[PDB]
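This report concerns only the one structure given below.
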Amino acid sequence: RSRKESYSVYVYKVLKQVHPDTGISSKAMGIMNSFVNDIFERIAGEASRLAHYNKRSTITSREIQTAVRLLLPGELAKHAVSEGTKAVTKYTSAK
Amino acid sequence: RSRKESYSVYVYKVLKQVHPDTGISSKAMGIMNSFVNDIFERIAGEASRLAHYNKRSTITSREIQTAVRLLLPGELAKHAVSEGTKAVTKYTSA
Amino acid sequence: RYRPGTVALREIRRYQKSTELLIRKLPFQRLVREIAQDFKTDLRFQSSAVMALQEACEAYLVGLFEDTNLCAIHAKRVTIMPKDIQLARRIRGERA
Amino acid sequence: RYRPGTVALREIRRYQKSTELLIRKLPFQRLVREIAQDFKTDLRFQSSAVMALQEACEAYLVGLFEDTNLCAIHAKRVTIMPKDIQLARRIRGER
Amino acid sequence: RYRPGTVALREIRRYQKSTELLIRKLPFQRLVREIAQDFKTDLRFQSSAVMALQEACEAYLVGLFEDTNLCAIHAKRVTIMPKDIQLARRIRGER
Amino acid sequence: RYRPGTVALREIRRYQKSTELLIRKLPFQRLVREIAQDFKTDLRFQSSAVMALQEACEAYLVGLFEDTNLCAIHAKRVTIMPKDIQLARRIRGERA
Amino acid sequence: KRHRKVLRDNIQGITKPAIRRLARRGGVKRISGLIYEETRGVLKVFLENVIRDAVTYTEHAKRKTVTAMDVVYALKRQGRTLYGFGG
Amino acid sequence: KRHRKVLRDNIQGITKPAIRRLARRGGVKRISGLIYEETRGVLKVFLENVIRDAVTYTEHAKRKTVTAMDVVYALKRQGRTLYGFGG
Amino acid sequence: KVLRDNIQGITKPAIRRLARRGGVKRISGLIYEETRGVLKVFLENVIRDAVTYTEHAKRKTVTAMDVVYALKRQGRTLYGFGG
Amino acid sequence: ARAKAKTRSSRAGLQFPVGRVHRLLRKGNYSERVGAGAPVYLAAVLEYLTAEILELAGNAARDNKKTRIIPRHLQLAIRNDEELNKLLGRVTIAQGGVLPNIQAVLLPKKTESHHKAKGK
Amino acid sequence: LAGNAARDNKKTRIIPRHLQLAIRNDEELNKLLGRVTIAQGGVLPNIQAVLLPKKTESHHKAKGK
DNA sequence: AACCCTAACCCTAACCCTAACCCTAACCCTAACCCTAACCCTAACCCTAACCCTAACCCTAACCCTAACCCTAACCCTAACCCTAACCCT
DNA sequence: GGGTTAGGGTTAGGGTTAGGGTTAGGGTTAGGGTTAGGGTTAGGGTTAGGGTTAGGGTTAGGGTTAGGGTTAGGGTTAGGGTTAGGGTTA
């Protein structure tokens with residue numbers, strides 16, 4: 001049984017964390033699944049070109065942090081950058 | 001100083017083959033060089049996605065032939081397909 | 001006789017507050033099948049595919065009608081003209 | 001005495017049959033430098049970069065003016081209005 | 001093998017000294033039926049009608065080929081060109 | 001050092017935008033009256049009738065010259081030859 | 001069911017043994033590279049602006065079969081009368 | 001007796017009162033007369049393009065069934081990332 | 001960084017011949033301000049994109065290649081300069 | 001021992017380099033494997049496109065009394081096409097111009113007649 | 001159709017030249033009156049591309065320079 | 001902003017591998033910077049000629065009326081076409 | 001995903017006439033253009049000097065990879081918390 005990859009458990013956990021006594025519907029799960037895979041190939045796709053343009057081939061944390069300000073607008077880009085910096089700091093502080 | 005890749009000799013040979021006593025200018029060479037590299041990442045870029053969508057990873061002659069009808073319009077697509085088929089036939093013959 | 005001007009807004013609000021399909025399914029399937037037969041014979045269709053096609057066509061038609069109305073209402077005209085659709089398509093870059 | 005209606009077409013044909021620059025270089029360079037200083041100080045500019053910027057700006061302005069004229073001439077008006085530019089930007093999806 | 005220049009004239013004389021049909025009947029009937037279906041469905045065909053149609057088409061094709069050959073042989077060329085047919089149609093007034 | 005090789009293209013734009021008669025209205029009546037003298041003598045041509053025969057011949061020569069130019073332009077030629085006039089008359093069904 | 005060959009002859013059949021055989025009757029000796037392709041296209045209009053006349057004629061008499069008596073009146077309008085198969 | 005394929009009256013599948021309520025969703029109050037034909041022609045052209053793209057895709061995959069995933073991919077390639085159906 | 005005398009870099013007779021290339025015969029009055037504002041917004045966007053690109057490359061010189069790449073990412077594949 | 005093999009472009013009947021595309025497609029991180037006949041098809045397509053573009057540019061330059069292909073000639077040859085304008089529609093060429101397209105409404109259709117001082 | 005072409009030639013009426021210019025312009029009107037000949041109406045300004053001056057330009061079969 | 005009677009789909013546990021997240025050592029491969037020197041960005045100025053700035057005269061152009069008539073606005077008897085379960089297969 | 005047999009009720013498709021919406025005609029009185037004139041301000045040479053651009057050994061702090069354990073993670077399964085319609089009340 002070759003099951004298909006889908007983002008359901010993490011989406012439900014995030015929804016329960018940001019809104020109690022809530023949930024997802026039928027088509028809403030597929031909409032969110034198609035939305036995640038769409039931005040997954042957009043942010044990661046620009047990092048490869050940005051690394052190739054500088055004669056490099058290493059996509060680290062800065063390659064993803066800089067790609068936030070290109071795809072995301074203004075306030076959302078700064079918020080995502082701050083969240084990513086806090087996450088990488090908590091990761092480097094303790095393994 | 002590390003030389004830079006540019007399409008100049010082949011472009012001049014093609015121009016001389018299709019039009020004698022002709023040549024390229026100064027900015028026209030850079031325009032053609034930027035035009036070649038633009039379509040180079042467009043046709044080859046779609047073949048990778050088309051091969052990944054079918055759980056494959058082999059970009060052969062059919063992957064490039066089918067990508068012609070997607071990027072090129074109508075008559076130009078059929079002409080490019082015929083040229084590619086004749087080229088692959090002359091290659092497989094000898 | 002009372003003056004019209006209220007049934008149109010009521011129908012607009014009723015159709016905007018609802019998410020029901022307006023175009024049929026079997027005629028659209030027959031149309032896309034006839035279109036596919038012009039390129040290659042022996043072709044079939046599914047349900048989710050024609051549903052996505054109908055949704056995309058409805059979205060495109062809604063956007064085109066909204067653009068046409070916004071172009072016509074700016075010329076001191078409450079109605080639209082057949083040339084306004086071609087004008088919007090030329091501005092958007094659909095036919096050049 | 002020539003009646004008005006011919007010098008405009010003559011100037012249009014003369015400017016269309018020529019490929020000369022219309023905007024200056026130093027004012028545009030100072031403008032883009034002042035714009036770059038609003039984000040990060042200690043920034044410089046080149047010649048080919050500002051040339052490509054001027055070419056792109058000239059192409060965008062030509063396209064916007066052509067769209068504005070084509071939108072204004074379809075309403076029985078030979079002149080354009082300041083709202084026509086916003087209308088074209090709203091139709092094209094620039095706002 | 002035969003030297004090229006006599007088999008062509010022999011075939012020409014053999015096909016000119018005979019009055020036999022060259023195009024088939026069923027494919028032509030299917031073609032004219034498909035053409036008639038484009039205007040109005042539920043249409044049939046007879047035998048004498050399609051025979052007269054085939055005869056008229058053969059006569060028109062023979063005349064067009066003769067005109068094309070007579071136009072091409074006058075330009076110091078033994079072969080015909082695809083533009084010669086359009087030239088003959090433009091001279092005759094067929095559009 | 002100006003006449004040999006000029007005005008060849010500076011004269012087409014005039015008659016192409018003019019409605020006047022190229023053949024002059026004087027030398028034409030004697031050419032028609034002498035032709036009809038052989039079929040049946042004792043004839044006469046009207047004033048308004050001699051102009052219709054002149055306009056009919058001045059328009060037929062234009063099409064013949066256009067066909068001759070189109071036939072000569074195909075063989076990589078810029079000038080028309082006497083062998084090209086007889087060629088254009090054989091396809092339209094004039095002399096044979 | 002139905003046959004998958006619903007193409008109804010996509011203007012084919014008349015190929016090398018037919019176009020060359022028809023050109024050999026007139027006086028054509030050799031054939032270049034293209035020549036064809038458009039040869040099957042110039043015959044499409046000859047049946048597009050002729051059979052439509054017969055259909056329009058049969059529609060006037062409230063009929064549905066294009067007999068040989070109606071195919072001669074359509075060709076007479078263009079200027080190509082045929083004797084024998086018509087009558 | 002037992003055959004028949006397809007016709008062409010399906011092209012006129014868009015009526016006139018049904019398209020009135022369709023344009024009312026966007027904000028159109030009054031239409032016209034030739035809109036019923038212009039919109040039909042535009043829809044036919046767009047559908048021909050999308051169907052050609054889906055046919056090219058299903059020919060790359062060597063399949064004869066136009067699935068929703070191929071339609072979504074073709075719409076995304078054209079410039080319309082449709083959500084809901086597929087993945 | 002100059003005073004606010006460069007934003008008004010677009011005059012009035014010079015922009016008349018600029019619109020004449022596309023096919024404009026008569027303009028208006030508020031166009032000199034609306035076009036300036038639109039050009040300022042578009043230039044701010046392109047400059048922000050080029051700054052983000054040169055910050056990814058850790059460079060302080062806005063080259064023509066970065067501008068061409070930013071224009072292609074926005075949807076304007078400019079030719080001539082760069083590669 | 002052994003023989004001396006020639007280049008790969010001479011055995012395929014083309015002038016575009018075959019080994020250059022095969023090496024550039026792999027280094028671009030587009031696919032982990034490149035086919036044998038894959039670069040030949042792309043090279044032939046690119047060569048045909050370049051030949052068509054150069055032929056159109058020469059045909060457009062042969063009417064302007066200039067045997068040198070200037071960028072204005074390329075801009076005039078690309079925009080004046082049906083299948084080529086749709087491919088590079090959103091592509092701008094530097095150091096070029098705009099095709100002369102004047103509307104019929106801007107033409108001087110005033111005519112000093114009729115519109116005179118009253119009615120005779 | 002002839003009234004719109006009269007305004008381009010700076011005229012308020014339809015002259016026989018405008019009739020010939022408007023009839024020979026539309027495809028539905030030219031195919032209907034193909035064999036119809038107009039009197040004082042002139043022809044249509046049509047110049048072939050091969051008849052353009054220079055064309056070859058520079059030199060083709062020169063000797064010295 | 002009846003919220004209710006209807007009422008199935010959003011609903012908290014739970015659960016069995018479980019398949020990916022983490023660990024743990026090796027490496028190994030991926031950025032400054034200090035000499036440097038070369039050519040391109042920028043800094044004062046002269047001229048003088050096309051380019052640009054500023055009134056007068058007037059001939060078309062957009063807008064606000066006036067009457068006017070033909071198309072798109074709103075039921076009514078339908079009764080044909082669009083759904084709504086329920087299996088059944090190829 | 002197609003293909004069947006009931007059915008039946010909401011949706012689609014035939015007149016109709018009356019009310020306001022483009023269209024057609026006449027100055028109209030405010031609204032851009034230009035050619036005569038002048039006073040520029042941008043289009044070109046000469047430098048030259050500092051302020052950036054542009055290649056090259058050399059690490060050590062930035063990474064990459066073959067091995068387990070294992071916390072976190074992925075298809076099913078109830079019974080309950082508001083969600084859709086139907087008469088009331090408003």
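By convention here, the chains of the structure tokens are called A, B, ... in the order presented, each chain's residues are numbered starting at 1, and ligands are numbered starting at 1 in the order presented.
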
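Distance criterion 10 Å to chain G, applied with only C-alpha atoms, yields residues 2, 3, 4, 5 and 6 of chain H on chain H.
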
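The shell of residues at most 6 Å from residue 40 of chain J, with only C-alpha atoms (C1' of nucleotides) counted and near chain neighbours (fewer than 3 positions) removed, consists of residues 18, 37 and 43 of chain J.
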
Residues from last step as file, N, CA, C and O atoms, as a PDB file, in the first residue's frame:
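In the end it all went to result-v4.pdb:
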```pdb
ATOM      1  N   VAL J  18      27.150  19.854 -29.498  1.00  0.00           N
ATOM      2  CA  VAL J  18      26.356  18.854 -28.792  1.00  0.00           C
ATOM      3  C   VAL J  18      26.901  18.599 -27.393  1.00  0.00           C
ATOM      4  O   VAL J  18      26.132  18.442 -26.441  1.00  0.00           O
ATOM      5  N   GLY J  37      20.544  11.232 -26.851  1.00  0.00           N
ATOM      6  CA  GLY J  37      19.918  12.035 -27.878  1.00  0.00           C
ATOM      7  C   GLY J  37      19.195  13.266 -27.388  1.00  0.00           C
ATOM      8  O   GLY J  37      18.544  13.949 -28.182  1.00  0.00           O
ATOM      9  N   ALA J  43      19.812  21.161 -29.403  1.00  0.00           N
ATOM     10  CA  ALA J  43      20.733  21.886 -30.272  1.00  0.00           C
ATOM     11  C   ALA J  43      20.108  22.155 -31.635  1.00  0.00           C
ATOM     12  O   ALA J  43      20.245  23.256 -32.180  1.00  0.00           O
TER      13      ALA J  43
END
```

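Cα RMSD between chain C and chain F, computed after least-squares fitting of the latter onto the former across all residues in order: 1.7 Å.
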
I'd like the superposed copy of chain H - fitted to chain G by least squares over all paired Cα atoms - as a short mmCIF file (atom, residue, chain, number, x, y, z; two decimals) with C-alpha atoms, in the first residue's frame.
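The resulting file, superposed_27.cif, is shown below:
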```cif
data_model
loop_
_atom_site.label_atom_id
_atom_site.label_comp_id
_atom_site.auth_asym_id
_atom_site.auth_seq_id
_atom_site.Cartn_x
_atom_site.Cartn_y
_atom_site.Cartn_z
CA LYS H 1 -18.69 -1.40 -28.34
CA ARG H 2 -20.90 -0.55 -31.32
CA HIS H 3 -20.83 3.05 -32.59
CA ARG H 4 -18.05 5.17 -34.14
CA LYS H 5 -18.65 7.96 -36.68
CA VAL H 6 -16.00 9.43 -39.00
CA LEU H 7 -12.39 10.55 -38.64
CA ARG H 8 -10.05 12.84 -40.58
CA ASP H 9 -7.35 10.66 -42.19
CA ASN H 10 -9.52 10.69 -45.33
CA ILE H 11 -8.25 14.25 -45.93
CA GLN H 12 -4.85 12.72 -46.73
CA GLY H 13 -6.52 10.57 -49.39
CA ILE H 14 -4.20 11.87 -52.11
CA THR H 15 -0.94 9.91 -52.10
CA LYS H 16 2.28 10.81 -53.93
CA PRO H 17 2.91 8.23 -56.70
CA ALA H 18 -0.78 8.21 -57.66
CA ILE H 19 -0.79 11.99 -58.15
CA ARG H 20 2.31 11.70 -60.36
CA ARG H 21 0.40 9.86 -63.09
CA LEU H 22 -2.57 12.20 -62.61
CA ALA H 23 -0.53 15.28 -63.55
CA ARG H 24 1.10 13.34 -66.41
CA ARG H 25 -2.20 13.40 -68.31
CA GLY H 26 -2.05 17.18 -68.70
CA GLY H 27 1.64 17.37 -69.55
CA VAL H 28 3.53 17.63 -66.26
CA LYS H 29 6.88 15.82 -66.12
CA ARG H 30 8.29 16.73 -62.69
CA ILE H 31 6.44 18.01 -59.63
CA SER H 32 7.83 18.94 -56.20
CA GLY H 33 7.24 18.30 -52.50
CA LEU H 34 4.69 20.75 -51.10
CA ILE H 35 2.38 20.09 -54.07
CA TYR H 36 0.87 17.10 -52.25
CA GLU H 37 -0.39 19.53 -49.58
CA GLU H 38 -1.22 22.58 -51.70
CA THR H 39 -3.28 20.54 -54.18
CA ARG H 40 -5.03 18.81 -51.28
CA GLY H 41 -5.93 22.15 -49.70
CA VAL H 42 -7.18 23.60 -52.98
CA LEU H 43 -9.25 20.47 -53.64
CA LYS H 44 -10.66 20.67 -50.11
CA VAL H 45 -11.68 24.32 -50.55
CA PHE H 46 -13.29 23.68 -53.94
CA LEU H 47 -15.11 20.61 -52.63
CA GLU H 48 -16.37 22.56 -49.61
CA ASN H 49 -17.78 25.21 -51.96
CA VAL H 50 -19.46 22.66 -54.25
CA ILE H 51 -20.82 20.69 -51.29
CA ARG H 52 -22.21 23.87 -49.72
CA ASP H 53 -23.92 24.75 -53.01
CA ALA H 54 -25.40 21.25 -53.31
CA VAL H 55 -26.58 21.39 -49.69
CA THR H 56 -28.28 24.74 -50.29
CA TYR H 57 -29.93 23.31 -53.41
CA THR H 58 -31.16 20.15 -51.68
CA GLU H 59 -32.43 22.34 -48.83
CA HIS H 60 -34.40 24.43 -51.33
CA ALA H 61 -35.91 21.20 -52.68
CA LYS H 62 -36.36 19.95 -49.07
CA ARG H 63 -34.45 16.76 -49.88
CA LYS H 64 -31.69 14.89 -48.04
CA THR H 65 -30.23 13.01 -51.05
CA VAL H 66 -27.61 14.85 -53.12
CA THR H 67 -28.53 13.74 -56.65
CA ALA H 68 -26.48 14.20 -59.81
CA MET H 69 -28.90 16.79 -61.20
CA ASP H 70 -28.32 19.13 -58.25
CA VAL H 71 -24.55 18.73 -58.60
CA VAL H 72 -24.74 19.47 -62.33
CA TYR H 73 -26.89 22.55 -61.68
CA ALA H 74 -24.48 23.80 -59.00
CA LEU H 75 -21.50 23.27 -61.33
CA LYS H 76 -23.31 25.16 -64.10
CA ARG H 77 -24.10 28.00 -61.68
CA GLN H 78 -20.43 28.17 -60.69
CA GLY H 79 -19.33 28.15 -64.34
CA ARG H 80 -18.73 24.52 -65.33
CA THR H 81 -21.48 23.02 -67.51
CA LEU H 82 -20.75 19.33 -66.96
CA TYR H 83 -22.20 16.82 -69.43
CA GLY H 84 -22.90 13.11 -69.23
CA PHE H 85 -24.72 12.58 -65.94
CA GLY H 86 -28.11 14.21 -65.47
CA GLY H 87 -30.05 16.28 -67.96
#
```

Residue neighbourhood segment 12-17 of chain A, 10 Å, only C-alpha atoms (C1' of nucleotides), exclusion window fewer than 6 positions, as number ranges by chain:
A: 23-24, 29

Exercise for the section: Within 10 Å of residue 13 of chain F, counting only C-alpha atoms (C1' of nucleotides), which residues show up once you throw out same-chain ones fewer than 6 positions away? Write them as a ChimeraX atom specification, please. Expected result: /K:45-47

Resulting file, chosen residues, N, CA and C atoms, as a short mmCIF file (atom, residue, chain, number, x, y, z; two decimals), in the first residue's frame:
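Written output follows (out19.cif):
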```cif
data_model
loop_
_atom_site.label_atom_id
_atom_site.label_comp_id
_atom_site.auth_asym_id
_atom_site.auth_seq_id
_atom_site.Cartn_x
_atom_site.Cartn_y
_atom_site.Cartn_z
N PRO K 45 -3.51 51.87 -54.70
CA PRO K 45 -2.05 51.97 -54.60
C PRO K 45 -1.42 50.72 -54.00
N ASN K 46 -0.83 49.88 -54.86
CA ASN K 46 -0.19 48.64 -54.44
C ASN K 46 1.20 48.57 -55.07
N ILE K 47 2.23 48.54 -54.23
CA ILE K 47 3.61 48.46 -54.67
C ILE K 47 4.23 47.19 -54.12
#
```

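Every protein or nucleic acid residue with an atom no more than 10 Å from residue 12 of chain L, counting only C-alpha atoms (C1' of nucleotides) and leaving out same-chain residues fewer than 5 positions away, appears here: residues 21 of chain A; 78 and 80 of chain M.
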
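All C-alpha atoms of chain D and chain E, which share one sequence, were paired in order; after least-squares superposition their RMSD is 0.5 Å.
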
- Would you please extract all helix (DSSP H, G or I) residues from chain G, as assigned by DSSP on the backbone, and give them as a ChimeraX atom specification? /G:16-26,39-60,68-78

Dump as a ChimeraX atom specification the residues of chain K that approach chain F to within 9 Å, counting only C-alpha atoms. /K:16-17,37-47,50-53

Expected file: the selected residues, N, CA, C and O atoms, as a short mmCIF file (atom, residue, chain, number, x, y, z; two decimals), in the first residue's frame:
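Below is the file that was written, part-v7.cif:
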```
data_model
loop_
_atom_site.label_atom_id
_atom_site.label_comp_id
_atom_site.auth_asym_id
_atom_site.auth_seq_id
_atom_site.Cartn_x
_atom_site.Cartn_y
_atom_site.Cartn_z
N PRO K 16 -16.54 59.38 -56.86
CA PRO K 16 -16.36 58.04 -57.43
C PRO K 16 -15.03 57.39 -57.08
O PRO K 16 -14.92 56.16 -57.13
N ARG K 17 -14.01 58.18 -56.71
CA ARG K 17 -12.75 57.60 -56.26
C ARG K 17 -12.92 56.93 -54.90
O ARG K 17 -12.38 55.84 -54.66
N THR K 37 -16.44 46.95 -63.27
CA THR K 37 -15.44 47.96 -63.56
C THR K 37 -16.02 49.34 -63.30
O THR K 37 -17.13 49.65 -63.77
N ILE K 38 -15.29 50.17 -62.57
CA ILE K 38 -15.71 51.53 -62.27
C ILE K 38 -15.08 52.47 -63.29
O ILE K 38 -14.00 52.20 -63.84
N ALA K 39 -15.76 53.58 -63.55
CA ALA K 39 -15.28 54.56 -64.52
C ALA K 39 -14.12 55.37 -63.96
O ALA K 39 -13.02 54.84 -63.78
N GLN K 40 -14.35 56.65 -63.69
CA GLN K 40 -13.31 57.54 -63.16
C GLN K 40 -13.19 57.30 -61.66
O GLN K 40 -13.73 58.03 -60.83
N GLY K 41 -12.46 56.24 -61.31
CA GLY K 41 -12.25 55.89 -59.92
C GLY K 41 -10.82 55.52 -59.61
O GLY K 41 -10.43 55.43 -58.44
N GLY K 42 -10.02 55.30 -60.64
CA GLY K 42 -8.63 54.94 -60.45
C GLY K 42 -8.46 53.51 -59.96
O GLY K 42 -9.39 52.69 -59.96
N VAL K 43 -7.24 53.21 -59.53
CA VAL K 43 -6.89 51.89 -59.02
C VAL K 43 -6.46 52.01 -57.57
O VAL K 43 -6.52 53.10 -56.98
N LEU K 44 -6.02 50.90 -56.98
CA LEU K 44 -5.58 50.88 -55.59
C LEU K 44 -4.07 50.98 -55.53
O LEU K 44 -3.38 50.23 -56.24
N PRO K 45 -3.51 51.87 -54.70
CA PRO K 45 -2.05 51.97 -54.60
C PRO K 45 -1.42 50.72 -54.00
O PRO K 45 -1.47 50.50 -52.79
N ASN K 46 -0.83 49.88 -54.86
CA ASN K 46 -0.19 48.64 -54.44
C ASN K 46 1.20 48.57 -55.07
O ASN K 46 1.32 48.55 -56.30
N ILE K 47 2.23 48.54 -54.23
CA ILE K 47 3.61 48.46 -54.67
C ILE K 47 4.23 47.19 -54.12
O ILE K 47 4.15 46.93 -52.91
N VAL K 50 9.55 43.69 -54.14
CA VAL K 50 10.72 43.51 -54.98
C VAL K 50 11.02 44.77 -55.78
O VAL K 50 12.17 45.01 -56.18
N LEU K 51 10.01 45.60 -56.02
CA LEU K 51 10.18 46.84 -56.77
C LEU K 51 10.77 47.96 -55.92
O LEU K 51 10.85 49.10 -56.40
N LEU K 52 11.19 47.67 -54.69
CA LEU K 52 11.79 48.69 -53.85
C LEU K 52 13.16 49.08 -54.40
O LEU K 52 13.86 48.26 -55.00
N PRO K 53 13.58 50.33 -54.21
CA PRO K 53 14.88 50.77 -54.71
C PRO K 53 16.02 50.09 -53.96
O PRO K 53 15.83 49.42 -52.94
#
```

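Taking only C-alpha atoms (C1' of nucleotides), the non-local environment of segment 33-48 of chain A within 8 Å (same-chain residues fewer than 2 positions away omitted) comprises residues 6, 7, 8, 29, 30, 31, 50, 51, 52, 57, 59, 63, 64, 67, 68 and 71 of chain A; 83, 84, 86 and 87 of chain H.
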
Atoms to include: C-alpha atoms. Write the selected residues as a PDB file, in the first residue's frame.
```
ATOM      1  CA  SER A   6      -0.108  14.631   3.040  1.00  0.00           C
ATOM      2  CA  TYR A   7       0.128  17.378   5.669  1.00  0.00           C
ATOM      3  CA  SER A   8      -2.786  16.627   7.995  1.00  0.00           C
ATOM      4  CA  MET A  29      -7.528  19.749   3.766  1.00  0.00           C
ATOM      5  CA  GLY A  30      -6.825  19.276   0.062  1.00  0.00           C
ATOM      6  CA  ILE A  31      -6.691  23.042  -0.444  1.00  0.00           C
ATOM      7  CA  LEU A  50      20.516  32.171  -6.029  1.00  0.00           C
ATOM      8  CA  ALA A  51      23.267  29.710  -5.093  1.00  0.00           C
ATOM      9  CA  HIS A  52      24.045  28.936  -8.742  1.00  0.00           C
ATOM     10  CA  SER A  57      26.040  24.989  -4.285  1.00  0.00           C
ATOM     11  CA  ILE A  59      21.830  26.188   0.550  1.00  0.00           C
ATOM     12  CA  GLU A  63      19.819  31.135   1.576  1.00  0.00           C
ATOM     13  CA  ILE A  64      16.341  30.487   2.987  1.00  0.00           C
ATOM     14  CA  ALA A  67      14.471  34.139   0.046  1.00  0.00           C
ATOM     15  CA  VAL A  68      11.819  35.221   2.572  1.00  0.00           C
ATOM     16  CA  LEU A  71       8.633  36.022  -1.853  1.00  0.00           C
TER      17      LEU A  71
ATOM     18  CA  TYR H  83      -6.732  24.524  -5.726  1.00  0.00           C
ATOM     19  CA  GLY H  84      -9.158  21.922  -4.438  1.00  0.00           C
ATOM     20  CA  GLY H  86      -5.671  17.173  -7.231  1.00  0.00           C
ATOM     21  CA  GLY H  87      -2.470  17.768  -5.320  1.00  0.00           C
TER      22      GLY H  87
END
```

Quick one: residues within 12 Å of residue 34 of chain L, only C-alpha atoms (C1' of nucleotides), excluding same-chain residues fewer than 2 positions away - as a ChimeraX atom specification? /L:32,36 /M:56-58

Write out the residues from the selection above, keeping C-alpha atoms (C1' of nucleotides), as an mmCIF file, in the first residue's frame.
```cif
data_model
loop_
_atom_site.group_PDB
_atom_site.id
_atom_site.type_symbol
_atom_site.label_atom_id
_atom_site.label_comp_id
_atom_site.auth_asym_id
_atom_site.auth_seq_id
_atom_site.Cartn_x
_atom_site.Cartn_y
_atom_site.Cartn_z
ATOM 1 C "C1'" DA L 32 38.206 36.721 4.955
ATOM 2 C "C1'" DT L 36 48.521 45.157 -5.361
ATOM 3 C "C1'" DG M 56 45.924 35.001 -5.124
ATOM 4 C "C1'" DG M 57 48.093 31.446 -0.714
ATOM 5 C "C1'" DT M 58 45.949 29.990 3.630
#
```

Please check the contacts: residues of chain K at most 6 Å away from chain J, using only C-alpha atoms, listed as a list in words. residues 7, 8 and 10 of chain K

Against chain G, which residues of chain C fall within 10 Å? For each one I want the closest pair of atoms and the distance in Å (one decimal), counting only C-alpha atoms, rows by chain and increasing residue number, as a Markdown table.
```
| residue | atom | partner | partner_atom | distance |
| --- | --- | --- | --- | --- |
| C:37 | CA | G:7 | CA | 9.2 |
| C:38 | CA | G:7 | CA | 9.2 |
| C:40 | CA | G:7 | CA | 9.4 |
| C:41 | CA | G:4 | CA | 7.4 |
| C:42 | CA | G:4 | CA | 6.6 |
```

Keeping only C-alpha atoms, take the residues you just selected and write them out as a PDB file, in the first residue's frame.
```pdb
ATOM      1  CA  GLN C  37     -11.637  14.937 -30.535  1.00  0.00           C
ATOM      2  CA  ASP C  38     -10.356  17.675 -32.873  1.00  0.00           C
ATOM      3  CA  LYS C  40      -6.799  13.119 -31.162  1.00  0.00           C
ATOM      4  CA  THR C  41      -9.616  10.573 -31.197  1.00  0.00           C
ATOM      5  CA  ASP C  42     -10.306   7.894 -28.558  1.00  0.00           C
TER       6      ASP C  42
END
```

- [ ] Select all residues from chain B having any atom no more than 12 Å from an atom of chain A (counting only C-alpha atoms, ignoring ligands), output as a ChimeraX atom specification.
- [x] /B:41,45,49

Exercise for the section: Write down, as an MDAnalysis selection string, each residue of chain I that has any atom within 12 Å of an atom of chain B, counting only C-alpha atoms. Expected result: chainID I and resid 65 68:69 72 76:83
